[PDB]
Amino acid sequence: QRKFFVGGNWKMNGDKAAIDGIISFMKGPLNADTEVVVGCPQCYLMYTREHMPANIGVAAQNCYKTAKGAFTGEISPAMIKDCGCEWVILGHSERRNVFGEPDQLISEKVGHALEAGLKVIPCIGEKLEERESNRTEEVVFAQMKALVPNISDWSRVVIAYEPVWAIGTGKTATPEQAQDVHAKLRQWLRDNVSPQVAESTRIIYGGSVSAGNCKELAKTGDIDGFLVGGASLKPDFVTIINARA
């Protein structure tokens, strides 16, 4: 029922020639039942949209919470739309933990981006001490609670769960562990927003996703796709797009 969604977050990787190389393999045989979005660096929104085929969406990796103003180094949803792009990733764990973006700011960004006409990939997830304290649910539910007041159109939202406790820590997140969080998030949507929203909203997994593990994760029950990191930079990404095939 929920359309499989695969986002490729290039992070701070790429130049014109490397992006041409990614586009080249993304013209390959992509599953027609998968919604595909790439998240390019801030300075390549126009270049990526210009040369990426129209069946692939393009996301900015961040934006601010108003259309214009005295915010040197920021870009707005209006600019992202002006660049021809439709999506933005918000609240990625690197923004939260390397650059200190708090929940209220991420929520306000989500609200402004939706009002401006973008589709949004809000990212949530718990750290290692939060998980080992048995606070996984407390944290991700509170992160969801922070976003809900600013989600004006659930049809334009795809939630990404990042197991931050397993990213960069050498620890392994198993498919059952990922599935358990996704199921609890969907139930939270059921109980706190609506059953209709819980059943139609994609919740994608943003742990370490590779050609080697994508098939294990793609059909656990409540995983609706992936927010892929480094594997989105190489032809392996096509295999991940085709994880249900």
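One-based numbering along the sequence shown.
Annotation for 207-215 versus 38-46: the higher mean temperature factor (C-alpha) is found in 207-215. Set 68-76 against 160-168 and average the Cα temperature factors; 160-168 ends up higher. For the set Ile106, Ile124, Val88, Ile151, the PDB entry puts the maximum C-alpha B factor at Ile151. Ranking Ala59, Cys63, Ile56, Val197 by Cα temperature factor from the entry places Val197 first. Ranked by C-alpha B-factor against the other modelled residues of its chain, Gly229 falls in the lowest third. Sorting the modelled residues of the chain by their CA temperature factor places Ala183 in the middle third.
Sort the modelled residues of the chain by CA B factor and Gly100 lands in the middle third.
Sort the modelled residues of the chain by CA B factor and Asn134 lands in the highest third. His92 sits in the lowest third of its chain by CA B factor, as recorded in the PDB entry.
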